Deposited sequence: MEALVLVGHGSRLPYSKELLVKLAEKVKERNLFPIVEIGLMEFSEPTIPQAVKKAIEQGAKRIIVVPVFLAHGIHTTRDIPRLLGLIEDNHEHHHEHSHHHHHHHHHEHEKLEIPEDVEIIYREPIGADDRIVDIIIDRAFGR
């Protein structure tokens, strides 16, 4: 009924996709959502429209798109809102409403993790 779509930059190296796959798995074992799909913005599959479509065909009527990026940038302000038919100027999504969330930001867990990496953990 609601779907969670985890959405990333995408890269030509495979670490970006692998990252989304690991994150998707980990939330799958939290058993919080009916449906969980990942989408990558650029040069990697699946794409964000493929993921949105997949959510819909799986039954879901309220789609939560969460951008897995550290800060706002072009992609989160122009490219993605476009790709979702949320901004006026290859895909439009039937009768279902799209719910576009905020990025990660300067979160305290991110400082936690930074300390860990600094000590070679």
Checklist outcome for this item: Stretches of deposited sequence not represented by any CA atom are 90-111
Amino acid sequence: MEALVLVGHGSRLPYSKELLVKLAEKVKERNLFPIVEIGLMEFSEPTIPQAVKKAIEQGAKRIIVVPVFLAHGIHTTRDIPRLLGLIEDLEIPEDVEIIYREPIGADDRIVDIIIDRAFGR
From here on, numbers count along this sequence of modelled residues.
Item to check | Greater mean Cα temperature factor according to the PDB record, 92-100 or 79-87 | outcome: 92-100
Next on the checklist: So, looking at the entry's B-factor column for Cα atoms, which has the higher mean, 60-68 or 42-50?
Outcome noted: 42-50
Next on the checklist: Split into thirds by Cα B-factor across the chain's modelled residues, where does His9 land: lowest, middle or highest?
Outcome noted: middle
Checklist entry - Thinking about Cα B factors across the chain, which third does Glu18 belong to? => result highest
